[PDB]
Structures are given as structure tokens and as C-alpha cells.
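**Q** For reference, the file run-v6.pdb (PDB, C-alpha atoms (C1' of nucleotides)) is included below:
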```pdb
MODEL        1
ATOM      1  CA  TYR A   1      15.498 -43.836  62.497
ATOM      2  CA  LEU A   2      15.785 -46.680  65.139
ATOM      3  CA  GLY A   3      16.518 -45.810  68.865
ATOM      4  CA  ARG A   4      15.006 -48.885  70.675
ATOM      5  CA  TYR A   5      14.118 -52.462  69.431
ATOM      6  CA  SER A   6      12.727 -55.149  71.880
ATOM      7  CA  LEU A   7      11.480 -58.637  70.801
ATOM      8  CA  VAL A   8       8.399 -59.896  72.761
ATOM      9  CA  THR A   9       7.981 -63.703  73.252
ATOM     10  CA  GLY A  10       4.711 -65.733  73.169
ATOM     11  CA  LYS A  11       1.466 -65.238  71.166
ATOM     12  CA  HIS A  12      -1.992 -63.535  71.516
ATOM     13  CA  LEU A  13      -5.173 -65.486  72.564
ATOM     14  CA  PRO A  14      -8.187 -64.854  70.214
ATOM     15  CA  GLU A  15     -11.538 -63.472  71.609
ATOM     16  CA  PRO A  16     -14.266 -66.217  71.849
ATOM     17  CA  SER A  17     -16.271 -64.768  68.859
ATOM     18  CA  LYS A  18     -17.557 -68.190  67.578
ATOM     19  CA  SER A  19     -20.595 -70.100  69.115
ATOM     20  CA  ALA A  20     -19.884 -73.873  69.651
ATOM     21  CA  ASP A  21     -23.114 -74.693  67.679
ATOM     22  CA  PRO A  22     -25.285 -72.250  65.615
ATOM     23  CA  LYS A  23     -28.552 -72.980  67.578
ATOM     24  CA  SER A  24     -29.748 -74.514  70.945
ATOM     25  CA  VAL A  25     -26.217 -74.386  72.579
ATOM     26  CA  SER A  26     -24.997 -71.957  75.378
ATOM     27  CA  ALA A  27     -21.228 -72.724  74.981
ATOM     28  CA  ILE A  28     -18.614 -70.384  73.300
ATOM     29  CA  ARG A  29     -15.505 -71.774  71.407
ATOM     30  CA  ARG A  30     -12.123 -70.193  70.367
ATOM     31  CA  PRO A  31     -11.753 -69.595  66.575
ATOM     32  CA  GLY A  32      -8.143 -71.005  66.389
ATOM     33  CA  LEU A  33      -4.485 -70.053  67.229
ATOM     34  CA  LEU A  34      -1.652 -68.523  65.039
ATOM     35  CA  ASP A  35       2.163 -68.340  65.627
ATOM     36  CA  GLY A  36       3.498 -64.794  64.991
ATOM     37  CA  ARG A  37       6.327 -62.540  66.299
ATOM     38  CA  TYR A  38       5.963 -59.041  67.870
ATOM     39  CA  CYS A  39       8.194 -56.218  69.149
ATOM     40  CA  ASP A  40       8.167 -52.777  70.762
ATOM     41  CA  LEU A  41       9.717 -49.800  68.948
ATOM     42  CA  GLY A  42      11.019 -46.347  69.627
ATOM     43  CA  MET A  43      11.566 -44.296  66.482
ATOM     44  CA  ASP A  44      11.664 -40.815  64.890
ATOM     45  CA  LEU A  45      10.422 -39.837  61.393
ATOM     46  CA  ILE A  46      11.558 -36.964  59.098
ATOM     47  CA  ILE A  47       8.919 -36.266  56.402
ATOM     48  CA  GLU A  48       9.540 -33.970  53.413
ATOM     49  CA  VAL A  49       6.379 -31.832  53.323
ATOM     50  CA  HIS A  50       5.524 -29.742  50.270
ATOM     51  CA  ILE A  51       2.707 -27.098  49.764
ATOM     52  CA  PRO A  52       1.709 -26.413  46.079
ATOM     53  CA  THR A  53       0.170 -22.908  46.722
ATOM     54  CA  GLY A  54       2.518 -19.832  46.587
ATOM     55  CA  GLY A  55       1.254 -18.607  50.002
ATOM     56  CA  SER A  56       1.881 -21.077  52.897
ATOM     57  CA  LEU A  57       0.405 -21.488  56.428
ATOM     58  CA  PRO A  58       3.487 -21.678  58.826
ATOM     59  CA  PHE A  59       1.290 -21.075  61.948
ATOM     60  CA  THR A  60       0.476 -22.507  65.428
ATOM     61  CA  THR A  61      -2.990 -23.600  64.093
ATOM     62  CA  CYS A  62      -1.297 -25.911  61.565
ATOM     63  CA  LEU A  63       0.951 -27.378  64.337
ATOM     64  CA  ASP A  64      -2.246 -28.283  66.277
ATOM     65  CA  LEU A  65      -3.749 -29.849  63.107
ATOM     66  CA  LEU A  66      -0.490 -31.814  62.562
ATOM     67  CA  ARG A  67      -0.969 -33.283  66.140
ATOM     68  CA  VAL A  68      -4.688 -34.167  65.433
ATOM     69  CA  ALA A  69      -4.090 -35.794  62.041
ATOM     70  CA  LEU A  70      -1.507 -38.241  63.577
ATOM     71  CA  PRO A  71      -2.878 -41.866  63.245
ATOM     72  CA  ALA A  72      -3.243 -44.159  66.326
ATOM     73  CA  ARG A  73      -2.240 -47.430  64.431
ATOM     74  CA  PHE A  74       1.268 -48.404  63.163
ATOM     75  CA  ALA A  75       2.508 -51.761  61.753
ATOM     76  CA  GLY A  76      -0.499 -53.514  63.421
ATOM     77  CA  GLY A  77       0.399 -52.151  66.905
ATOM     78  CA  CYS A  78      -0.533 -49.044  68.926
ATOM     79  CA  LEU A  79       1.203 -45.658  68.435
ATOM     80  CA  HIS A  80       1.643 -43.045  71.201
ATOM     81  CA  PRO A  81       3.319 -39.591  71.589
ATOM     82  CA  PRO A  82       5.997 -39.019  74.306
ATOM     83  CA  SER A  83       4.567 -39.008  77.857
ATOM     84  CA  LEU A  84       2.685 -35.864  78.976
ATOM     85  CA  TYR A  85       4.601 -35.171  82.276
ATOM     86  CA  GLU A  86       7.872 -34.661  80.251
ATOM     87  CA  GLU A  87       6.381 -33.095  77.071
ATOM     88  CA  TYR A  88       8.521 -30.857  74.718
ATOM     89  CA  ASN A  89       7.777 -29.817  71.111
ATOM     90  CA  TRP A  90       7.767 -33.272  69.409
ATOM     91  CA  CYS A  91       6.247 -31.843  66.154
ATOM     92  CA  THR A  92       8.664 -29.079  64.898
ATOM     93  CA  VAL A  93       9.017 -27.813  61.274
ATOM     94  CA  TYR A  94      12.224 -26.729  59.461
ATOM     95  CA  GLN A  95      12.666 -24.782  56.174
ATOM     96  CA  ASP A  96      16.515 -24.964  56.330
ATOM     97  CA  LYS A  97      18.757 -28.004  55.616
ATOM     98  CA  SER A  98      21.646 -26.515  57.694
ATOM     99  CA  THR A  99      19.675 -26.112  60.974
ATOM    100  CA  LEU A 100      17.928 -29.492  60.574
ATOM    101  CA  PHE A 101      21.133 -31.467  59.777
ATOM    102  CA  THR A 102      23.037 -29.774  62.655
ATOM    103  CA  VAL A 103      20.337 -30.902  65.157
ATOM    104  CA  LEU A 104      20.249 -34.477  63.714
ATOM    105  CA  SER A 105      24.068 -34.928  64.104
ATOM    106  CA  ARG A 106      23.511 -34.812  67.949
ATOM    107  CA  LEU A 107      21.601 -38.152  68.165
ATOM    108  CA  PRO A 108      22.854 -40.951  70.551
ATOM    109  CA  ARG A 109      25.587 -43.248  69.119
ATOM    110  CA  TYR A 110      23.760 -46.553  69.935
ATOM    111  CA  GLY A 111      20.855 -45.910  67.453
ATOM    112  CA  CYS A 112      20.559 -46.775  63.691
ATOM    113  CA  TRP A 113      19.628 -44.873  60.482
ATOM    114  CA  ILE A 114      18.257 -47.225  57.762
ATOM    115  CA  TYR A 115      19.354 -46.338  54.187
ATOM    116  CA  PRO A 116      18.433 -47.875  50.764
ATOM    117  CA  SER A 117      20.981 -50.364  49.318
ATOM    118  CA  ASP A 118      22.572 -50.423  45.806
ATOM    119  CA  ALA A 119      23.191 -54.172  45.307
ATOM    120  CA  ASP A 120      20.927 -56.247  42.977
ATOM    121  CA  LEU A 121      20.218 -59.808  44.292
ATOM    122  CA  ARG A 122      18.306 -62.531  42.301
ATOM    123  CA  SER A 123      18.548 -65.545  44.722
ATOM    124  CA  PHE A 124      19.082 -66.496  48.384
ATOM    125  CA  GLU A 125      22.617 -67.753  47.541
ATOM    126  CA  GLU A 126      23.597 -64.243  46.273
ATOM    127  CA  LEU A 127      22.061 -62.805  49.482
ATOM    128  CA  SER A 128      24.119 -65.244  51.579
ATOM    129  CA  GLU A 129      27.353 -63.969  49.998
ATOM    130  CA  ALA A 130      26.356 -60.268  50.299
ATOM    131  CA  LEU A 131      25.547 -60.770  54.025
ATOM    132  CA  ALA A 132      28.797 -62.727  54.632
ATOM    133  CA  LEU A 133      30.845 -59.776  53.203
ATOM    134  CA  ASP A 134      29.087 -56.734  54.807
ATOM    135  CA  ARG A 135      28.013 -56.151  58.451
ATOM    136  CA  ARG A 136      25.607 -53.231  57.736
ATOM    137  CA  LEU A 137      23.383 -55.144  55.196
ATOM    138  CA  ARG A 138      19.914 -56.515  56.162
ATOM    139  CA  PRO A 139      17.100 -58.107  54.083
ATOM    140  CA  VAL A 140      13.723 -56.252  54.266
ATOM    141  CA  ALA A 141      10.217 -56.598  52.809
TER
ATOM    142  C1'   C B   1      -5.772 -45.330  53.690
ATOM    143  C1'   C B   2      -0.101 -50.250  56.981
ATOM    144  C1'   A B   3      -0.069 -59.625  55.275
ATOM    145  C1'   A B   4      -5.548 -54.084  56.490
ATOM    146  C1'   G B   5     -10.168 -54.138  60.768
ATOM    147  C1'   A B   6     -11.782 -56.816  66.628
ATOM    148  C1'   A B   7      -9.385 -59.779  71.187
ATOM    149  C1'   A B   8      -8.555 -61.160  79.751
ATOM    150  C1'   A B   9      -4.063 -67.573  79.894
ATOM    151  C1'   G B  10      -5.853 -68.500  84.481
ATOM    152  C1'   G B  11      -6.593 -71.547  89.245
ATOM    153  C1'   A B  12      -3.220 -75.115  93.515
ATOM    154  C1'   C B  13       1.700 -76.703  95.854
ATOM    155  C1'   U B  14       7.155 -78.342 102.349
ATOM    156  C1'   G B  15      13.991 -80.351  99.249
ATOM    157  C1'   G B  16      15.629 -82.976 103.211
ATOM    158  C1'   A B  17      19.056 -86.048 106.632
ATOM    159  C1'   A B  18      25.096 -86.656 108.056
ATOM    160  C1'   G B  19      30.748 -84.781 108.325
ATOM    161  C1'   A B  20      38.792 -83.266 111.213
ATOM    162  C1'   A B  21      42.912 -80.124 105.745
ATOM    163  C1'   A B  22      47.399 -81.366 107.591
ATOM    164  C1'   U B  23      53.363 -81.908 108.620
ATOM    165  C1'   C B  24      58.574 -78.465 107.218
ATOM    166  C1'   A B  25      61.510 -73.566 106.319
ATOM    167  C1'   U B  26      67.474 -67.561 107.204
ATOM    168  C1'   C B  27      66.003 -61.888 102.011
ATOM    169  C1'   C B  28      70.830 -60.107 102.021
ATOM    170  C1'   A B  29      75.254 -56.816 100.713
ATOM    171  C1'   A B  30      76.867 -50.604  99.298
ATOM    172  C1'   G B  31      75.562 -45.227  99.042
ATOM    173  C1'   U B  32      76.971 -36.656 100.207
ATOM    174  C1'   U B  33      70.550 -33.041  98.129
ATOM    175  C1'   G B  34      72.937 -28.231  97.320
ATOM    176  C1'   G B  35      73.258 -22.945  95.888
ATOM    177  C1'   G B  36      70.474 -16.789  96.690
ATOM    178  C1'   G B  37      66.794 -13.654  98.976
ATOM    179  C1'   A B  38      63.673  -6.552 102.619
ATOM    180  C1'   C B  39      56.437  -7.340 104.900
ATOM    181  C1'   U B  40      55.680  -2.318 105.244
ATOM    182  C1'   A B  41      53.711   1.393 102.356
ATOM    183  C1'   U B  42      49.982   8.317 101.151
ATOM    184  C1'   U B  43      49.825   5.443 107.581
ATOM    185  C1'   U B  44      44.219   7.570 109.733
ATOM    186  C1'   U B  45      43.956   6.304 116.624
ATOM    187  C1'   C B  46      46.076  13.061 118.526
ATOM    188  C1'   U B  47      45.013  16.986 123.259
ATOM    189  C1'   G B  48      43.528  17.134 128.211
ATOM    190  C1'   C B  49      40.917  17.191 133.574
ATOM    191  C1'   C B  50      39.530  13.795 138.478
ATOM    192  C1'   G B  51      41.632   9.630 140.833
ATOM    193  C1'   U B  52      47.791   7.279 145.825
ATOM    194  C1'   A B  53      47.815   4.597 140.955
ATOM    195  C1'   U B  54      50.672   2.491 133.619
ATOM    196  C1'   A B  55      44.004   0.171 138.167
ATOM    197  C1'   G B  56      38.787   2.437 136.919
ATOM    198  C1'   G B  57      35.919   6.507 135.008
ATOM    199  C1'   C B  58      35.256  11.099 131.834
ATOM    200  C1'   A B  59      34.819  16.027 128.148
ATOM    201  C1'   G B  60      36.175  17.627 123.653
TER
ATOM    202  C1'  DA C   1      25.455  15.235  26.298
ATOM    203  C1'  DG C   2      21.662  16.157  30.195
ATOM    204  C1'  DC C   3      18.639  14.248  33.934
ATOM    205  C1'  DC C   4      17.322  11.056  37.769
ATOM    206  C1'  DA C   5      17.809   6.784  42.133
ATOM    207  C1'  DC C   6      20.397   4.883  44.890
ATOM    208  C1'  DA C   7      24.321   3.292  47.076
ATOM    209  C1'  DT C   8      27.680   4.702  50.625
ATOM    210  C1'  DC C   9      30.371   8.150  53.560
ATOM    211  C1'  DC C  10      32.271  11.205  57.224
ATOM    212  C1'  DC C  11      31.422  14.558  61.160
ATOM    213  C1'  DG C  12      29.064  15.332  65.521
ATOM    214  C1'  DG C  13      27.518  12.342  69.247
ATOM    215  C1'  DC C  14      27.608   8.623  72.559
ATOM    216  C1'  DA C  15      29.284   5.082  75.434
ATOM    217  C1'  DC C  16      33.162   2.264  77.476
ATOM    218  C1'  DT C  17      38.551   1.147  79.438
ATOM    219  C1'  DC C  18      39.035   0.410  85.240
ATOM    220  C1'  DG C  19      39.875  -0.137  91.332
ATOM    221  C1'  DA C  20      43.629  -2.381  93.647
ATOM    222  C1'  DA C  21      50.871  -6.778  94.944
ATOM    223  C1'  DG C  22      53.772 -10.690  93.621
ATOM    224  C1'  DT C  23      53.865 -17.585  95.371
ATOM    225  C1'  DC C  24      61.441 -20.765  92.371
ATOM    226  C1'  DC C  25      64.373 -21.914  88.979
ATOM    227  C1'  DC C  26      67.701 -27.382  87.569
ATOM    228  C1'  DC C  27      70.004 -32.577  87.049
ATOM    229  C1'  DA C  28      69.881 -38.045  88.510
ATOM    230  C1'  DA C  29      65.332 -42.895  89.685
ATOM    231  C1'  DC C  30      69.597 -50.284  91.231
ATOM    232  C1'  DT C  31      72.102 -54.409  89.984
ATOM    233  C1'  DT C  32      72.454 -61.284  91.031
ATOM    234  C1'  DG C  33      69.767 -65.748  92.533
ATOM    235  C1'  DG C  34      65.755 -69.128  93.645
ATOM    236  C1'  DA C  35      58.030 -70.167  93.442
ATOM    237  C1'  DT C  36      57.351 -77.640  97.033
ATOM    238  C1'  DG C  37      55.964 -82.503  97.509
ATOM    239  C1'  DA C  38      51.136 -86.885  98.362
ATOM    240  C1'  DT C  39      46.411 -88.346  99.151
ATOM    241  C1'  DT C  40      41.047 -88.086  98.341
ATOM    242  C1'  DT C  41      35.766 -85.029  94.846
ATOM    243  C1'  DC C  42      28.303 -88.461  97.770
ATOM    244  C1'  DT C  43      24.193 -91.776  98.301
ATOM    245  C1'  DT C  44      17.843 -92.275  98.181
ATOM    246  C1'  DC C  45      12.802 -91.039  95.423
ATOM    247  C1'  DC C  46       9.897 -87.908  92.496
ATOM    248  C1'  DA C  47       9.295 -84.613  86.760
ATOM    249  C1'  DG C  48       0.610 -82.467  86.694
ATOM    250  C1'  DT C  49      -3.958 -81.956  84.977
ATOM    251  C1'  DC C  50      -8.229 -79.212  80.616
ATOM    252  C1'  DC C  51     -10.335 -75.879  76.973
ATOM    253  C1'  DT C  52      -8.823 -73.460  72.015
ATOM    254  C1'  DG C  53     -10.373 -78.255  63.145
ATOM    255  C1'  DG C  54     -11.972 -78.537  58.110
ATOM    256  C1'  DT C  55     -14.253 -81.561  55.170
ATOM    257  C1'  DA C  56     -17.150 -85.011  53.567
ATOM    258  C1'  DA C  57     -19.746 -89.584  54.664
TER
ATOM    259  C1'  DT D   1     -23.050 -86.473  64.115
ATOM    260  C1'  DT D   2     -18.436 -88.621  63.400
ATOM    261  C1'  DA D   3     -13.526 -90.359  61.838
ATOM    262  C1'  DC D   4      -9.113 -89.057  60.000
ATOM    263  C1'  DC D   5      -4.588 -87.283  59.711
ATOM    264  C1'  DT D   6       0.910 -85.069  60.928
ATOM    265  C1'  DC D   7       7.704 -85.177  62.562
ATOM    266  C1'  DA D   8      44.845   7.676  74.300
ATOM    267  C1'  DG D   9      42.129   3.867  71.906
ATOM    268  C1'  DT D  10      37.509   0.641  70.474
ATOM    269  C1'  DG D  11      31.955  -0.217  69.298
ATOM    270  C1'  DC D  12      27.010   1.810  67.688
ATOM    271  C1'  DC D  13      24.167   5.832  65.725
ATOM    272  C1'  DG D  14      22.010   9.935  63.399
ATOM    273  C1'  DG D  15      21.924  12.917  59.275
ATOM    274  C1'  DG D  16      23.018  15.660  55.642
ATOM    275  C1'  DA D  17      25.899  15.283  51.740
ATOM    276  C1'  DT D  18      29.556  13.815  47.659
ATOM    277  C1'  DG D  19      29.745  11.165  44.107
ATOM    278  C1'  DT D  20      28.379   7.736  40.718
ATOM    279  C1'  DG D  21      25.809   4.760  36.807
ATOM    280  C1'  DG D  22      21.735   4.117  33.591
ATOM    281  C1'  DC D  23      18.008   6.233  30.653
ATOM    282  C1'  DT D  24      16.585   9.739  27.296
TER
ENDMDL
END
```
Just dump the structure as C-alpha cells.
**A**
Amino acid sequence: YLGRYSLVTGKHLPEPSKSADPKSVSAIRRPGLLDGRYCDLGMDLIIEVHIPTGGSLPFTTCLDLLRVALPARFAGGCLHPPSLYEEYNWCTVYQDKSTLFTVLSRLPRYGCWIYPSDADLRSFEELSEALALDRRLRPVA
RNA sequence: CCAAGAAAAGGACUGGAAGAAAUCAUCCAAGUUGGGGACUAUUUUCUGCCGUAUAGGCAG
DNA sequence: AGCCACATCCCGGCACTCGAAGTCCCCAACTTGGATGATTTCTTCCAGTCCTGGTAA
DNA sequence: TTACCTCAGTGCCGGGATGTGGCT
């Protein structure tokens, strides 16, 4: 789900990790420069979790472990939880489709859900026509 | 276990000078707001003595 | 046909009403005629510097 | 070291009881 999307201009400067000469030189050079594109995100995820064992562990302990397991890296950038001074339960679990869907219907109108497409495209010209006709269609990797 | 893993763009700076928006002008004519009506009830405030006294002070 | 488990079912029981005036009805809402001319819209000079290749002679 | 190369209602609540359906 996409709530915020901001494009950032410019490009990163590399660390001076390369000596100017291998020996008898006290000068440091810059490896080289690349031209990329970066952005800041705000997003929610809904993961379908399954436990093979007949007896499950729906406990506070597991909610702590779900907070610990969360990676710090995402899409090459840095991932953070919501700020501490305004913290609420950002890591809830549902075992009912009716309760979960009801809560999701309340999301702000200016955000986007991203769904899989049906169309089969074999060229950029076919993509050009599909994009001219729809307004909801986007190419992705 | 993410076109994966690591990363300091920094240092300095004078926009200035000068100016005439002006002349003219007719909003008018007519007009029916009207007819009817309960603030008191299950109220609480009585009965006396002193004092010239509808003044002022008192017991029950 | 006889025996046992599990469904509900109806009477006795229990708890609530709850303070505490009323505030006007109905029908109509304007026609006509015109919106100005003549003139002009700036000129001088300037527009940084340095670092951040791979490959083979 | 260097050179190269791009656009009168109602709502729970207890408790004993009436009655029933399946197995032997």
C-alpha cells in the first residue's frame, strides 16, 4: 500500500576509499561517480502468515519477536518504525477476514493499493497503447 | 537473505541613478398585510405585646 | 419394544418504568431603455574558480 | 609515466422437570 511518495534530486558522493598511488603517496582519490534516482516512502504491508503445527503461539512474546526480526534495510535505503513519542500498536495480528477488511476500508482516499495486472504485453508499442487507454496501469520491474 | 554490502559537497560576495493621468455628464414612473386568543394553580408567610407612630425593636 | 443423554421449558424471583406545562397556522416576490472617445509602455555594464578514468604503449 | 577519446408492561436468572430421539 502507498501513502506517501517523494522524489529526491541530486546524487550521492562516494567515500574516498582508493589511494591515489599504491605506495609512497599520501593523497586519497574518489573512486568515480554514478547517476541514479532516489525517493522517500511511507507504506504499510499485510503479510499472510501461516504456522504448520496444530498448536500456535498467539502471545505477547511472539509480538516482541516480530518487532526484533524486522530488518533495518529496504530497497537499498533505511527502514524505520513510526516515531516513539506517538507510538501505537504498529504490529497487530488478525485471524478474521471480516475484522481486517473492515479496518482497511477506513484508509485515507489520497493513497494507492497496487494490484497485479491481467494484460500480456510483448513489446514497448503494445505497452504504449495499453497506457494510452487506461489511467490506472503502470510498468514495473 | 532486496541491480545485494560501505560513504561529510564545501569555502567567499553592495543592483543602482531619474520622473504630472487628464477634460465632460439628469435613474425615473405606480402600489391595502389581515383574521382569533385566561398566567395562576394542592398556595406554605398566621397570632400577639412595647413604642405618639403603617417609623424601629421583640416573644412564641 | 425397553433404556439412556441431552436439548429446552416454565414458575418463582428480580429489577426497572418515572418527577414535573405548553412557544401559530396560510397565500403572493416587477415590468422598458441605454456601458465613451485619443495619446503614449526605458536606457548603461557585468554572467567564477578546483578535486572526483581505463587501458595499453 | 602518459595520450586518447565523446554530443400494567419489558429484560435477566436460577432450578427442577417434561418430553424427546438413538442404541440395544
**Q** For the provided coordinates, the residues matched by the PyMOL selection byres ((chain C) within 12 of (chain A)) should be stated as a PDB file with C-alpha atoms (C1' of nucleotides), in the coordinates of the input.
**A**
```pdb
ATOM      1  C1'  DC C  51     -10.335 -75.879  76.973  1.00  0.00           C
ATOM      2  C1'  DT C  52      -8.823 -73.460  72.015  1.00  0.00           C
ATOM      3  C1'  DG C  53     -10.373 -78.255  63.145  1.00  0.00           C
ATOM      4  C1'  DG C  54     -11.972 -78.537  58.110  1.00  0.00           C
TER       5       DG C  54
END
```
**Q** Please check the contacts: residues of chain B at most 8 Å away from chain A, using all atoms listed in the file, listed as a PDB file with C-alpha atoms (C1' of nucleotides), keeping the file's coordinate frame.
**A**
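For reference, iface-v9.pdb as written:
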```pdb
ATOM      1  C1'   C B   2      -0.101 -50.250  56.981  1.00  0.00           C
ATOM      2  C1'   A B   7      -9.385 -59.779  71.187  1.00  0.00           C
ATOM      3  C1'   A B   9      -4.063 -67.573  79.894  1.00  0.00           C
TER       4        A B   9
END
```
**Q** Could you tell me how far CA of residue 93 in chain A sits from CA of residue 65 in chain A, in Å to one decimal place?
**A** 13.1 Å
**Q** I would like the residues chosen by the PyMOL selection byres ((chain D and resi 14) around 12) on the shown file; could you give them as a list in words?
**A** residues 11, 12, 13 and 14 of chain C; 12, 13, 15 and 16 of chain D
**Q** What does the structure give for the distance between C1' of residue 41 in chain B and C1' of residue 23 in chain C, in Å to one decimal?
**A**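 Interatomic distance here is 20.2 Å.
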**Q** Carefully work through the PyMOL selection byres ((chain D and resi 20-23) around 9) for this structure and note down the residues it includes, as a PyMOL selection string.
**A** (chain C and resi 3-4+7) or (chain D and resi 19+24)
**Q** Include C-alpha atoms (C1' of nucleotides) and write out the residues we just selected as a short mmCIF file (atom, residue, chain, number, x, y, z; two decimals), keeping the file's coordinate frame.
**A**
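Here's the written file selection-v5.cif:
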```cif
data_model
loop_
_atom_site.label_atom_id
_atom_site.label_comp_id
_atom_site.auth_asym_id
_atom_site.auth_seq_id
_atom_site.Cartn_x
_atom_site.Cartn_y
_atom_site.Cartn_z
"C1'" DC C 3 18.64 14.25 33.93
"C1'" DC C 4 17.32 11.06 37.77
"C1'" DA C 7 24.32 3.29 47.08
"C1'" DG D 19 29.74 11.16 44.11
"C1'" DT D 24 16.58 9.74 27.30
#
```
**Q** By how many Å are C1' of residue 32 in chain B and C1' of residue 32 in chain C apart?
**A**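 It comes out at 26.7 Å.
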**Q** As AutoDock Vina command-line options, please: the centre and edge lengths in Å, to one decimal, of an axis-aligned box enclosing every listed atom of range 47-64 of chain A with 8 Å added on each side.
**A**
```
--center_x 3.3 --center_y -27.4 --center_z 56.2 --size_x 28.5 --size_y 33.7 --size_z 36.2
```
